[PDB]
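Taking the form deposited in one PDB entry, here's one chain by itself in structure tokens.
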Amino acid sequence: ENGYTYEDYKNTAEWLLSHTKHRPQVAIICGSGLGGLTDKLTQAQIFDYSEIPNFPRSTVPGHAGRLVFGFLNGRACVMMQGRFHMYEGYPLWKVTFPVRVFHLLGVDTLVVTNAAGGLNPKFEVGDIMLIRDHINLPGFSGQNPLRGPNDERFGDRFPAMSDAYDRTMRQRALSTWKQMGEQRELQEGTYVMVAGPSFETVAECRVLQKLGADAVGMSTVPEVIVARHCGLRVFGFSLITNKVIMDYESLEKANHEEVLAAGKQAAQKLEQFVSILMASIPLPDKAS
């Protein structure tokens, strides 16, 4: 919304289109440490956020912030390596800008990935959690990417989000995990978005737990919301990079070298899993 006008999304979509032979069907948003997925593309055309018109450039990253087009396991993709977060200063209408243009490019599905902390006791670090639902803490307070006058050309005023995370895709995902003969199971739960850049206190770790959250993070939710408003099929995963909740002798506290989640090894596992699912995402062709 604000700051951006429809023609803005229009000019950015047309520009990209006229600058790439590619026409994407699936946009993929890589979470921290899941950018290597871009290595899995064939015929990649890399665009630096900066080159792309109204596209929000990176506050610091950049060189870990690019939009790369290609083909992944059957599908025509567009991967955003290095996503925007509101903790970096971007208003939510800049953070979710990409999604609006992906819609105008022709994208019909959005797989969003992220790194998150483990709230559910079952979860072990390294785990992967299929996002079945979410709790939008910023949104309850006004920080919803849809705020402002609504463009009925994109969507409705009051979109429902109870059915956000595609049921089929999540079923097919659970099945694909099994068909791969995977040992540690594909977990599943509610992701709670929290804004601030600092990590949580035990007291905070307990309210999110009490609220029903399984993994906590600082992104995804805004993009899921504007994806859905546009009518995109959405599904995502969370790479549990850590976990906490004990005043009673924390013995640790986290920082960032912790948010690696077995680094390469565990990240590679999501990257291939995600690539395997390209086959399981419906062709626009109708494929009947």
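From 1 onward, residues are counted along the sequence shown. If you superpose the two forms and keep the largest set of C-alpha atoms that fall within 1.5 Å, you have the rigid core.
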item	value
Residue stretch of maximal mean CA temperature factor, 49-57 vs 33-41	33-41
Residue range whose averaged C-alpha B-factor is higher in the record, 98-106 or 139-147	98-106
Identity of residue with top Cα B-factor, from 66, 243, 229, 233	243
Maximum C-alpha temperature factor, selected from 112, 92, 186, 76	186
Third of chain Cα B-factors occupied by residue 177	highest
Relative C-alpha B-factor of residue 134, binned into the chain's lowest, middle or highest third	lowest
Residue 211 by Cα B-factor - lowest, middle or highest third of the modelled chain	middle
Third of the chain, ranked by Cα B-factor, where residue 154 sits	lowest
Ranked against its chain, the third holding the CA B-factor of residue 124	highest
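The same protein has a further form, the form deposited in another entry, not shown here; the description that follows concerns it.
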| item | value |
| --- | --- |
| Identity of the moved residue from 52, 230, 245, 41, C-alpha shift 2 angstroms or more, core fit between the shown form and the other one | 245 |
| CA of residue 261, rigid core aligned, shift of 2 Å or more between the shown form and the other one | yes |
| In that other deposited form, shift in Cα separation for residue 247 relative to residue 121, 3 Å or more | closer |
| Residue pair residue 35, residue 255 - Cα distance in that other deposited form, closer or farther (3 Å or more) | closer |
